[PDB]
Structure formats: structure tokens, C-alpha cells
Amino acid sequence: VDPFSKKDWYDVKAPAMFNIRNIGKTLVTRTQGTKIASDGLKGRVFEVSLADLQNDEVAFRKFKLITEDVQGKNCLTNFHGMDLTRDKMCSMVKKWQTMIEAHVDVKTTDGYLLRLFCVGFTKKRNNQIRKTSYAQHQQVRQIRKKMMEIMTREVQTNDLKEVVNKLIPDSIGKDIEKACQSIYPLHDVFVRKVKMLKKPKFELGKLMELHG
Amino acid sequence: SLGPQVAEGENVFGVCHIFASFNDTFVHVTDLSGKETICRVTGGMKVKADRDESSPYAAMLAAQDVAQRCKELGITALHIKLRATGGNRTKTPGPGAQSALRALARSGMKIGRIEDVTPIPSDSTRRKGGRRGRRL
Amino acid sequence: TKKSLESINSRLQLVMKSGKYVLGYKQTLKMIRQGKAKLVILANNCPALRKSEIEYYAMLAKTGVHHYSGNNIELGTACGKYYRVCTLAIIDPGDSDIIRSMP
Amino acid sequence: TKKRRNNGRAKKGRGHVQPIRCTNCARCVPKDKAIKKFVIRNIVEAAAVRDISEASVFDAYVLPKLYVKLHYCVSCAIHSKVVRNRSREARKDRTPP
Amino acid sequence: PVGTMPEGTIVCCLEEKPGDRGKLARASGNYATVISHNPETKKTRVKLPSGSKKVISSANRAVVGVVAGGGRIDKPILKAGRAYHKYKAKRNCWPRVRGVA
Amino acid sequence: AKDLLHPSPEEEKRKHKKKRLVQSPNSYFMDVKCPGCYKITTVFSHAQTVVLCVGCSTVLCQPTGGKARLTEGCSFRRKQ
Amino acid sequence: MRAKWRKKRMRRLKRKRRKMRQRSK
Amino acid sequence: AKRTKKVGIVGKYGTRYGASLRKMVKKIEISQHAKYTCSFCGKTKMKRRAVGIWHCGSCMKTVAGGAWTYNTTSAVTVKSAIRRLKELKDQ
RNA sequence: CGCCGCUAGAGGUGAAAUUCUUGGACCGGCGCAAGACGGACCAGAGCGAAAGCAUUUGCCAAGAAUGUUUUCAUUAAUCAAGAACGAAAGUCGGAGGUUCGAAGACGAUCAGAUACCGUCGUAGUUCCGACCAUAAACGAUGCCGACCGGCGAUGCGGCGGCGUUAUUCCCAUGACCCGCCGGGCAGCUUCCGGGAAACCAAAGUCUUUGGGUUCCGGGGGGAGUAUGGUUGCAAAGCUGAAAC
Ligand SMILES: [Mg+2]
Ligand SMILES: [Mg+2]
Ligand SMILES: [Mg+2]
Ligand SMILES: [Mg+2]
Ligand SMILES: [Mg+2]
Ligand SMILES: [Mg+2]
Ligand SMILES: [Mg+2]
Ligand SMILES: [Mg+2]
Ligand SMILES: [Mg+2]
Ligand SMILES: [Mg+2]
Ligand SMILES: [Mg+2]
Ligand SMILES: [Mg+2]
Ligand SMILES: [Mg+2]
Ligand SMILES: [Mg+2]
Ligand SMILES: [Mg+2]
Ligand SMILES: [Mg+2]
Ligand SMILES: [Zn+2]
Ligand SMILES: [Zn+2]
């Protein structure tokens, strides 16, 4: 039979301003009557890790993509979500710390609404003898309110282009690190997960705007 | 056939899922999307004995068969995802993964970054073994 | 909301024993026509015709309106008597500031 | 008579500890009584790390570490060779090297 | 109409076809669950009190809430007299004689 | 042979309030020079309630568990 | 024989004798 | 004086139709014959009409309630879900 | 469950089989629905009278401790009878049924297995109303009050320290570090003494015997059994002897 001799190859184009627009090549069965090639390829997703997109950044902070459409034998993908790796997420979890969680829904400038998370670990100071390093839980509730509050006035006034440009240097984590030190010296605050739960419209014109 | 890419210097990537358990080892080759299975050879497809399909000797045969089919179908590099029975069973992988990684790295199949995407539950759902569980 | 609710109940406890107030719809009609009433208190489940009429009389006679979010049983409990009441009019608080703080 | 002052677990202030399932024989044991350790391995055995380093795409830019909460119970942990027996004067000891 | 209400809306006295003035879920204390709206091909899934999921149109109407009188089968009839009066009020459906007898 | 009849003042300061012999209170009365117009006010140290001057209507001492923290740096004296 | 199962078998004998008393009141 | 100790309102029947059935009918007979607080006039004049219908004596505002109580707890859960889906994301 | 791609096995073991599969199992990608569950962070840490209590946020009342030149003025400790909670399992109503799973059914080991191993699976395991009031309900150690060694620590308040680091900058809480005070979960040593010893700063201040008070033990069995009384829908719970 040899179905892979009949199968077709489409190359995947990442959206703009990461550094590049190359991901890989995927298999398409072929177009045959009802089963058009642009049917399942629109529903296919991708899950790619860095040091190839963000111009030599850290190896973690993975990205979840989804293919919007295809245009001239080149399937163009769009942002779907953002995760971190299992070894990084299970790492920096010490038995003698306090792990502070946060999560918030927020709508962007356009019709995209998202759900983003936040993780925080305690930090032992320089020349500290007490090995426990816990809190009073009132500062923990206050810092959950604070990290819920910061993400509102970033992501509410900014759509996908500006929030991806803010997630390029992890400026949200550095902003929480800067505004965090008055309460507690919290160690490597990341967002650890964000996923898209509602998508308004196809918007090929907005995809052309995303191209620029 | 030539397939994806001519004028070599650029790699064609594929996701290699390795599902290792205490009873069987799965090696599976997919594209970067996740739908199009390129090759899939289990332990029982290469070993006639049912008690030796979990052995690392099965992993060498299955991984060499999959690496031969991938070189026939023309894909260069692999991003290896590693997983085990992690829902309620032991989260550590079985004896097949230690041999499968070596057998993929031995005969071609340039390895990118390896990420252990293992299904970890939230808060320890109900275990199959019962109250006092496995005995001898 | 505990500050606002306990403040309103404490002001009612102080008007209960310090100042002079009237009780019932027919007596608050005479007080809102004579102009002695400064603040009126309506129940949650008062009927809409009586509520609109008392609000109309108050906004003609320059009288504040306060909608007490509560059944008339606990409004009678808040004014401190065993029966029920739907319409209050604080004509003269003793040492309270209901007619000073809210309007 | 008493064999231990702690009576096995570390429950001294509270009265109930949540049972957490074991790994080998899968028995629910309270977490202050069960053998709770944290194994840190390389994702590849060290005799096979060199083959992946020679046949890797990148020039040694990725080194993942596998972290697993290991949770045994004391009925199968002695068979699993972790919590070997000691002497009466040796039960007063601490974290082994 | 059920196209206006969001999913999960607990309604009753709904319609099979648009414009037959209420057919489904009319007994005392029963309701339907509205799910699975569709912009193209205007349909709507409803979970009926028997547990069946029926795909109906998106233009038919339904009153929001449950039918009053719920729990009517909580009390036993407790004697033959109340059963006689109940069935005399409803219809002659009670010559219930055993077919073996 | 500990000298319980004539102990050390530093030892009896480091002991608890009621363990010592005279059982003197650890609190005091401090004189706050309020910068409003002229008024100097005597006030208890462990001020449970707020302290408001009747002339300038400013907050003198914040209510705080333990002893009351102060406003802008008014002076204080110890009179026993 | 465990004290637990001795108690439960005497409990079963107690239930049997209770049913005997109910059988011949 | 406490004349009956277990039957309550069900003592009008007597020795017939079973202890468990009389115990299960007891609570709902107390529920159908008890007076309920009217949410409109504040009085306790909610008398039971035919099944599902409650009627207040003062101000004559007839309400459609449960078959044996004034409000079914499942119906209160339905009302909470309806107001949640109302003020959730503007229909 | 709906689709998509590949394919002959996938689960289950010391080893096989009972189970599902070209009618597409299993494996990977996406979506939906169901109910259970709050890991890692989680500790010889905290709270609660105990049983017990761990996702975020809001409301509702409650309480320990601390700081009190604040208030009353012996209002106090233990408790016959009586009463409030009370793990898990069990019983009676209403909703569903994810996982596990008494019984039950098979497939294996075994001379013999209905058990230990595996597959399916009822009651139950979930929530809302009531009953039952039991455990290795343990610290196998009643409550209140005083005294009798030290040390390193932890958590919760209070105090002191031109000590250290965080804002923009005096003004104030934040975090680390040092010491003290109050009760708490605790650990090491000890000839302070007890005890048969293990061991214990209480299980000590006991022949040099007496701070107050409640409940129970008199060799092992019979037996927590029988008969009575009493509670419970029932299973059963409480009190509970004698012969030998
Ligand atoms: Mg022993
Ligand atoms: Mg316990
Ligand atoms: Mg029924
Ligand atoms: Mg019949
Ligand atoms: Mg008949
Ligand atoms: Mg036993
Ligand atoms: Mg078949
Ligand atoms: Mg699947
Ligand atoms: Mg229970
Ligand atoms: Mg029944
Ligand atoms: Mg099963
Ligand atoms: Mg059996
Ligand atoms: Mg039964
Ligand atoms: Mg007992
Ligand atoms: Mg006691
Ligand atoms: Mg402190
Ligand atoms: Zn085990
Ligand atoms: Zn009425």
C-alpha cells in the first residue's frame, strides 16, 4: 500500500518577531473529495520549546501553537498557549520552602480572553541560620492579591502582540520580583502556564496585522 | 523517496514518544503536530515470549526496527518525550527506556532536547491495589 | 459591609433610646406632610406603590430615603420592638448622625 | 514494651494524619510514618549519556534532571533495601551519608 | 427562544418544533437542560427528564425555571381511597386486575 | 546559694513582670510635646485607644498591640 | 483464635439466641 | 400534656399502613399543614391551596410553591443557577 | 464519547490465562461530559475539648496566646444523676455511578483454596436530611496548683540591639541576625529521684508514707457471657452476676 509515499508534506511557519518563522514539516494524507487538506490541519496544534525561537533565551518556557490556515503550501501557525517543562516545574521545589500559587482570568484589548497562572517560592537570605523560612499567611494572602493585581494592569490594556513582547524577557516576572522585595524576597516567580479558552473569530485581516 | 528536504544541512524533526511500563515498552514516532503516526513497534511485535516483552532486549529490537523505518521514510532528528504509567501506578519509568535511548542514539537518529512529559495527577486519585495491596 | 450594617444598626440602637421617632405608614404620612421628618427608612419587602409614594413625598419635602435591605420582621427587631414595621421616620435623633453622614 | 519514643511516626501535636498510598505494594500509610524520600536522577544512565552527547543536535546545551517523590511504606521498604535495621544505641542516629 | 439563553439554563415547557405552543417537559417538577448551541445549522441539544439528549431547533421557545409542584410523588397514596379519587379525577385507567388472576 | 534577698537589678529587669518581688509595672507615662500650638499631653505608654488632641485634632499615638507607635518625632520623658 | 473473632462468633451466637427468643417468645 | 410520643399528627390514622410509611408521611404532613412566613406582607398566613399552590391571607398574593413545602431546595438551587447564568458574562 | 494517523497485538503477572480487538484494542493530537479527589509545597509545624481539619476568594459568628497602673470581687477545681459532639463501617429517604470495592462470578498456585495473584462487578465509598455512639477513640499515662538541672532549636505575641538588607527620602511597619519574657508541640545529656526494668523533668517531691477531687483493678478462665432494666427500624449499645 505504502501510504507514506502518498502522504504530503507541509512546512510550518511561525508568526512574526520571535526571531524567525521556521518550525518544521508535518504530514498531510492528501486532499480527496470530502476530506480536504485544510480541515484537520486547522485543528492540529504544536508544542515547541525554546533556544530556537527567542534568540538564545532559556531552554524552558515552552509554547503551545495552533495552525490558523494555510497559504501557498505553507501552513501558518498562531499562538495557542504557553507552558513550562516538567523538570523545571518539579525543580526549585524544596522541602523547606513555601509555594505561593495564583491564577486569574483576564481579557485582552481585542476579543481574546485568557487564564494565566503564577508560582512563587521563598528565598533564603545571605547568612541565614534559620532553615525554615516560612510566612505568616497574611503576607501570602496579600501577595496573592498583589500578583493578581499586577497581571490585570498589564494584560487588560494589552493584546497578544504586546503581551508576547512582554513575555519575551519575562518582564512580568521581573516586575513581580521588583515589586515583591518589600514583602518577601521570593525566588524566581514565573507564570508557569497560560492557555486560551475563548477565541472570537478567524480574522485573516488581524492575522495579516500580526504579520505586519 | 526524498520526502521533506533535499540539500541537507537542515534537520527534519519528529517527536518520539517512549512509553515505558513494568510490562511493555512503546516507541512511537510522530510529526511535530501529534496526529500523524510515522512508525510504531511495541515489544511483543519483536519478542515472542510474553514475559520478555518488558526486557531491555525487546527495546533494542523495537528501537532498531523503528530507526530503520524512520531512515526509510526520511526523517532526520527526534525530540524524545518520555513517559510511564503515571496516573496511579509508579511514576518511575520501566526498564525499557534505558535501553531505548541508547538504541536510538546508536544507529542514527540525532536527538534534540529530551523532556519527560509524564502524566502526573493532582491529588492522588484512588489506587487500584486496595487497602493493604500487593503481597509477594 | 460589616462596618456599614453594624453602623446602621448601632445608629438605630442609639435613636431607640436617645431621640424621638415615629412609627408606621399613617403616622409617617402626617410627619412627612408637616415636614418634621428628615430621614425615612423603607423596608426591603414593602409594596411598590407605598414605596414610590413615600419616595415621592420625601423628594418633594426634602427628606432622605434609606432602603433597609431586610424583611420587616428584622426591621422591627432593629428598631427594637417585637412587632414588625415597614416605614420609619427619624424626626429628631438624640446623639446620632443618620441625617448628617449619609445625606 | 515500647520500642520507640516516637511510636514510629512523628504525630505528636495533632491526632490524625492523612494516609498516602505506597509505591511498591500500594498501601495507605500516614505520611509521617511512610518512608518519604526524593530521588534525583539524570534522565539517562551515565554509561549512555555519552552516546546521546555524541549524537546530539546541540553542542551540550541541554541537561535535564529527573525528580521523583518516592513514597515507600515500612512493610516493603525493608525488602526494597532502604531502611535496614540498626542497634539500640544506633536508633538515635540522624541523616546517613 | 432557546438560542438567546446561554448553555446550562434550566428551563421547562419547551417545544419540539418552533411554533406548537409548548410540548416537552410539562409534568410537575421536571426540567430540561439546554446545551450545545450552534451558530451555523441552528440547533440546540436539550437533556430531557428521561435522560435523553435531543437535538432541536434554535428558534423554539421555553419558559425559564422548573414546573411548580415538585416532589408530588414524595407522599405515598397510603390507601385505596386517595387512589380512587385521584384516578376518578384523571380518567378511567384503574380497572387494574392481574392478568394471571 | 542564690541571693534572693538582694538580687541584681539587671536580672530583675530581664525576669518577667510578675516574677519579681515588688511586681512593678513595666509601663510608664510619657509627655508628648504636640507641635500644634503649645500643648504637652501626658499619655499612657501602652495606649489601647487612639489619642487625639482637643486643640489641633491630630492623631498622636496609633493603636498598636504591645505599645503605641508614635507620629512625627515628638519628645518623651520618664517620670517615676 | 483472635479475641476479635471470638467476640464476633459470640455475637453471632447472641443473635441466634435472640432470634430463638423471638421464635418462641 | 404530651399525649402521643411517636406518631404526632399521624395518630389520626391509627394502627394501619406501617411504621416506616407513617414515619415518612409524618414530616411531609407537618410540612403541608404548617404555616409559612409570607415573603411579601411578613405574616405567617401561607396556607396550602391545591398541590403546588400557596396562598397568603393578607394582601391575597397567591404564589406557586413546592408540592409539600414553600420552596423546594432543588428549586432554590435552580434559582441560584438562573441568577448566576444571568449575571455571568451578560447572557 | 466524538473525530484524525499508524498497526497487530494491548492489559495482567514469579510464569500463563480469564478481558478487548481489521466490527481498529492499545498508542499519540484536539474537544466535550461525569463524579471522586486537593499531591509535590507538608515539617518529630499549626489549630481544635476530642473525633478531626490542607486549591483561590468573599461573608458569618468563635477561640487560644500576648500587651494591658482596664473592669467585677471569690464569682473557684473535680464531678453521682443528666446532657452536647464523636473516626471508619452499618440502617432509612432523594440525586448519580469517576475510581476502588464486602459479597458474587470466573482465570491461576496448591494434594486440598472459597485466601494470598489477576478480570468483571452489586451494597458501599459522594452530597443533603435522621438514627446508631463504637476503635490500638493511644501518650496503652484523669483534671486543677506549687517546687525540683542544663543546653541547642521551632512556632505564636511583647521588649531591647548609631547590627545587616529592602522603597524615593526623614516619617512607620517588611525580611535576616543576637538576647530576654509568657504559655505550647517537641529533642539530647544527667546520680535529682522514681521504678521490676524498658523508661520517665514526670511515670519525681512515697515507710522520711496526707495539696483537692472523679472513675475503675483484686490470680487466669467462665465472660464482657446468661438473666433482668433501658435506648435503637435493625445490626446492636449501656448496666451486668452465678455455678464449675
Ligand atoms: Mg516486639
Ligand atoms: Mg487517633
Ligand atoms: Mg421512591
Ligand atoms: Mg399496581
Ligand atoms: Mg389486583
Ligand atoms: Mg483480626
Ligand atoms: Mg468482538
Ligand atoms: Mg487517546
Ligand atoms: Mg461515619
Ligand atoms: Mg429501603
Ligand atoms: Mg475493577
Ligand atoms: Mg471468600
Ligand atoms: Mg443489607
Ligand atoms: Mg470503649
Ligand atoms: Mg476524664
Ligand atoms: Mg518572635
Ligand atoms: Zn509498600
Ligand atoms: Zn401575604
# chains A, B, ... in the order shown; residues from 1 in each chain; ligands from 1

call {"tool": "residues_around", "arguments": {"residues": "range 69-81 of chain I", "least_positions_apart": "5", "cutoff": "7 Å", "atoms": "only C-alpha atoms (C1' of nucleotides)", "output": "PyMOL selection string"}}
result
chain I and resi 143-144+213-214

call {"tool": "write_last_selection", "arguments": {"atoms": "N, CA, C and O atoms (P, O5', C5', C4', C3', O3' and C1' of nucleotides)", "output": "PDB file, in the first residue's frame"}}
result
ATOM      1  P     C I 143      -4.944  15.234  82.231  1.00  0.00           P
ATOM      2  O5'   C I 143      -5.738  16.457  82.863  1.00  0.00           O
ATOM      3  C5'   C I 143      -7.053  16.759  82.428  1.00  0.00           C
ATOM      4  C4'   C I 143      -7.790  17.579  83.451  1.00  0.00           C
ATOM      5  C3'   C I 143      -6.974  18.659  84.136  1.00  0.00           C
ATOM      6  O3'   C I 143      -6.819  19.826  83.350  1.00  0.00           O
ATOM      7  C1'   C I 143      -8.214  17.465  85.753  1.00  0.00           C
ATOM      8  P     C I 144      -5.464  20.682  83.446  1.00  0.00           P
ATOM      9  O5'   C I 144      -5.601  21.457  84.829  1.00  0.00           O
ATOM     10  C5'   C I 144      -6.647  22.393  85.032  1.00  0.00           C
ATOM     11  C4'   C I 144      -6.763  22.793  86.479  1.00  0.00           C
ATOM     12  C3'   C I 144      -5.500  23.325  87.129  1.00  0.00           C
ATOM     13  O3'   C I 144      -5.200  24.663  86.777  1.00  0.00           O
ATOM     14  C1'   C I 144      -6.558  21.799  88.592  1.00  0.00           C
ATOM     15  P     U I 213     -10.746  15.752  98.760  1.00  0.00           P
ATOM     16  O5'   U I 213     -11.346  15.487  97.310  1.00  0.00           O
ATOM     17  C5'   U I 213     -12.485  16.202  96.858  1.00  0.00           C
ATOM     18  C4'   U I 213     -12.669  16.076  95.368  1.00  0.00           C
ATOM     19  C3'   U I 213     -12.866  14.666  94.841  1.00  0.00           C
ATOM     20  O3'   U I 213     -14.200  14.211  94.975  1.00  0.00           O
ATOM     21  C1'   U I 213     -11.263  15.786  93.516  1.00  0.00           C
ATOM     22  P     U I 214     -14.525  12.638  94.958  1.00  0.00           P
ATOM     23  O5'   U I 214     -14.630  12.279  93.411  1.00  0.00           O
ATOM     24  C5'   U I 214     -15.601  12.894  92.580  1.00  0.00           C
ATOM     25  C4'   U I 214     -15.463  12.435  91.153  1.00  0.00           C
ATOM     26  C3'   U I 214     -15.391  10.931  90.957  1.00  0.00           C
ATOM     27  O3'   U I 214     -16.665  10.315  90.966  1.00  0.00           O
ATOM     28  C1'   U I 214     -13.692  11.977  89.688  1.00  0.00           C
TER      29        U I 214
END

call {"tool": "residues_near_ligand", "arguments": {"ligand": "ligand 9", "cutoff": "10 Å", "atoms": "only C-alpha atoms (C1' of nucleotides) and all ligand atoms", "output": "PyMOL selection string"}}
result
chain I and resi 86-90

call {"tool": "write_last_selection", "arguments": {"atoms": "N, CA, C and O atoms (P, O5', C5', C4', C3', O3' and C1' of nucleotides)", "output": "PDB file, in the first residue's frame"}}
result
ATOM      1  P     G I  86     -20.961  14.818  65.168  1.00  0.00           P
ATOM      2  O5'   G I  86     -19.899  13.708  65.586  1.00  0.00           O
ATOM      3  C5'   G I  86     -18.508  13.921  65.396  1.00  0.00           C
ATOM      4  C4'   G I  86     -17.694  12.978  66.242  1.00  0.00           C
ATOM      5  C3'   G I  86     -17.977  11.500  66.035  1.00  0.00           C
ATOM      6  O3'   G I  86     -17.279  10.961  64.931  1.00  0.00           O
ATOM      7  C1'   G I  86     -17.991  11.979  68.341  1.00  0.00           C
ATOM      8  P     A I  87     -18.077  10.375  63.670  1.00  0.00           P
ATOM      9  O5'   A I  87     -16.931  10.157  62.590  1.00  0.00           O
ATOM     10  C5'   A I  87     -15.828  11.047  62.525  1.00  0.00           C
ATOM     11  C4'   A I  87     -14.556  10.317  62.184  1.00  0.00           C
ATOM     12  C3'   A I  87     -14.699   9.177  61.194  1.00  0.00           C
ATOM     13  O3'   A I  87     -14.755   9.630  59.854  1.00  0.00           O
ATOM     14  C1'   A I  87     -13.331   8.499  63.009  1.00  0.00           C
ATOM     15  P     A I  88     -16.015   9.268  58.926  1.00  0.00           P
ATOM     16  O5'   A I  88     -15.758   7.752  58.521  1.00  0.00           O
ATOM     17  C5'   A I  88     -14.532   7.364  57.922  1.00  0.00           C
ATOM     18  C4'   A I  88     -14.250   5.903  58.153  1.00  0.00           C
ATOM     19  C3'   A I  88     -15.383   4.952  57.823  1.00  0.00           C
ATOM     20  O3'   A I  88     -15.491   4.675  56.439  1.00  0.00           O
ATOM     21  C1'   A I  88     -14.488   4.393  59.929  1.00  0.00           C
ATOM     22  P     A I  89     -16.932   4.687  55.732  1.00  0.00           P
ATOM     23  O5'   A I  89     -17.590   3.313  56.188  1.00  0.00           O
ATOM     24  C5'   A I  89     -16.975   2.080  55.859  1.00  0.00           C
ATOM     25  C4'   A I  89     -17.447   0.967  56.756  1.00  0.00           C
ATOM     26  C3'   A I  89     -18.938   0.687  56.747  1.00  0.00           C
ATOM     27  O3'   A I  89     -19.343  -0.114  55.652  1.00  0.00           O
ATOM     28  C1'   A I  89     -18.185   0.804  58.975  1.00  0.00           C
ATOM     29  P     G I  90     -20.737   0.177  54.909  1.00  0.00           P
ATOM     30  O5'   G I  90     -21.838  -0.111  56.022  1.00  0.00           O
ATOM     31  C5'   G I  90     -22.099  -1.436  56.459  1.00  0.00           C
ATOM     32  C4'   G I  90     -23.125  -1.467  57.563  1.00  0.00           C
ATOM     33  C3'   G I  90     -24.483  -0.879  57.230  1.00  0.00           C
ATOM     34  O3'   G I  90     -25.294  -1.756  56.469  1.00  0.00           O
ATOM     35  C1'   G I  90     -23.792  -0.103  59.348  1.00  0.00           C
TER      36        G I  90
END

call {"tool": "atom_distance", "arguments": {"atom1": "CA of residue 95 in chain A", "atom2": "CA of residue 189 in chain A"}}
result
17.5 Å

call {"tool": "interface_residues", "arguments": {"of": "chain F", "to": "chain I", "cutoff": "6 Å", "atoms": "only C-alpha atoms (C1' of nucleotides)", "output": "MDAnalysis selection string"}}
result
chainID F and resid 14 16 65:66 72

call {"tool": "write_last_selection", "arguments": {"atoms": "N, CA and C atoms", "output": "PDB file, in the first residue's frame"}}
result
ATOM      1  N   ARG F  14      15.499  41.611  83.463  1.00  0.00           N
ATOM      2  CA  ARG F  14      15.395  40.529  82.491  1.00  0.00           C
ATOM      3  C   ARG F  14      14.373  39.468  82.878  1.00  0.00           C
ATOM      4  N   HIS F  16      10.509  38.221  84.257  1.00  0.00           N
ATOM      5  CA  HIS F  16       9.149  38.578  83.882  1.00  0.00           C
ATOM      6  C   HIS F  16       8.617  39.658  84.830  1.00  0.00           C
ATOM      7  N   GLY F  65      -0.786  46.766  69.212  1.00  0.00           N
ATOM      8  CA  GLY F  65      -0.574  45.735  70.208  1.00  0.00           C
ATOM      9  C   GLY F  65       0.832  45.744  70.771  1.00  0.00           C
ATOM     10  N   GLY F  66       0.939  45.745  72.095  1.00  0.00           N
ATOM     11  CA  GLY F  66       2.211  45.980  72.747  1.00  0.00           C
ATOM     12  C   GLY F  66       2.264  47.383  73.309  1.00  0.00           C
ATOM     13  N   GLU F  72       5.144  61.801  63.938  1.00  0.00           N
ATOM     14  CA  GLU F  72       6.346  62.620  63.808  1.00  0.00           C
ATOM     15  C   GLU F  72       6.964  62.915  65.177  1.00  0.00           C
TER      16      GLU F  72
END

call {"tool": "residues_around", "arguments": {"residues": "range 60-65 of chain E", "least_positions_apart": "3", "cutoff": "8 Å", "atoms": "only C-alpha atoms (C1' of nucleotides)", "output": "list in words"}}
result
residues 1, 2, 9, 10, 11, 12, 13, 14, 15, 16, 17, 18, 19, 22, 31 and 57 of chain E; 78, 79 and 82 of chain H
